[PDB]
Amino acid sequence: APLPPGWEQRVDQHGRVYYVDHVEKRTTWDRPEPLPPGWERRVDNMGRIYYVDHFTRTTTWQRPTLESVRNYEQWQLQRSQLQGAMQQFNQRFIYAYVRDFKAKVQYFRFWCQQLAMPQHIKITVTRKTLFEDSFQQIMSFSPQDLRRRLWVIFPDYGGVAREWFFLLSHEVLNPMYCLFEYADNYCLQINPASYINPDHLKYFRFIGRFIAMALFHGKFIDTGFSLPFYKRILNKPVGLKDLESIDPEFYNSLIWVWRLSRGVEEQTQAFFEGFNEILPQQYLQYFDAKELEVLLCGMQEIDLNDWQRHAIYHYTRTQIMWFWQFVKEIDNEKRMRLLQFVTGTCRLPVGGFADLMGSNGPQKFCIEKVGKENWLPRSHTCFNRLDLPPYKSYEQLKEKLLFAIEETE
């Protein structure tokens, strides 16, 4: 198997084979893995080493391997699936029960309007190079300017901006940028190795701007951020329980008796510089993390028939009819809330409740009996599992469940 360009094979005075990298100026005993087809190592203007695929014309600072390429392709599939679900995306909507999301959203709309600057700015991007053009444009403008009316052009403004947010929110996860990773492909995280990208911080600032701009301009994105991510936006405690939402194996190990902030400090700081210069996170604090997710992602009608068709159970379809009564009685927003409580998110797979995914593969919606009646319902979102205590009255199950999903304590 031939050595990549720039490499040489030599033998030392002891007979041991070794390898010289004439480009990086390195020596090593370990034969470098060949690059995958279509990939070429290049040197930029400032002398930095990057890699280019001569079929996608993509580039990366991460030396492409079998794993990195596999991640990239998984992302290609993902991106295409979402993009293909665009029509459904454009149908997403926004606008004792002591939580009033509607009123919060109206207050927030008003707040944005009072900050909105007189029209407008032009953002010029192509579909083929959406990410890079967007980065150059968005970083070229002032925060003030980015609070003006957006005129996005691909060589009615609202639908093209809407589309722009859709598409970019997909592009942002492109593993080639080295910015994000998965804890599975279930839980999105900042990649601790983002450093291999010499410009990672500028890109996180760009993404911060991006997300804040979606919020400010009332546009949905189509990215599967974790609940702790939203919590972090709102300066809310990231506790042990959050670890179950992220890495259930790690949470199990811990539960045998701040690793979700350790590792990505710089990235998170850059992200918030970008975010907070557009829309300071502190003025988002009347929202809770689930509300914030709904605000960024949109609401959707849930198919109750699909939901019921694809649910599994120490109980059966014969106190569960109470649960489904509860689902049918509550409004769209509270169904979104219940969905968040159980699965961790208000976003549904394009295929539906059958295509539901968990922290170690597909895991269908699951309700199981556990606890006493004083017990609040519990959830294990990494397993889409609802811990439903044996309640004796429908009014009690509805009170308890409401109380649970509303997160009253």
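Numbers for residues come from their place in the sequence shown, where the first is 1.
Unmodelled residues of the deposited sequence between neighbouring positions residue 257 and residue 258 number 10 or more.
According to the record, 1 to 3 deposited residues between residue 318 and residue 319 are left without atomic coordinates.
Just going by the entry, 298 to 306 versus 200 to 208 on mean CA temperature factor gives the higher value to 298 to 306. Look at the C-alpha B-factors of 384 to 392 and of 5 to 13. On average they run higher in 384 to 392. The top Cα temperature factor in the record, among 291, 181, 133, 156, falls on 156. When the C-alpha B-factors of 83, 226, 253, 71 are ranked from the entry, the top spot goes to 253. The PDB entry assigns residue 32 a C-alpha temperature factor belonging to the lowest third of its chain's modelled residues. Compared with the other modelled residues of the chain, the Cα B-factor recorded for residue 60 ranks in the lowest third.
Sort the modelled residues of the chain by CA B factor and residue 47 lands in the middle third.
Residue 39: CA B factor lies in the lowest third for its chain, per the PDB record. In the deposited entry, the Cα temperature factor of residue 273 places it in the lowest third of its chain's modelled residues.
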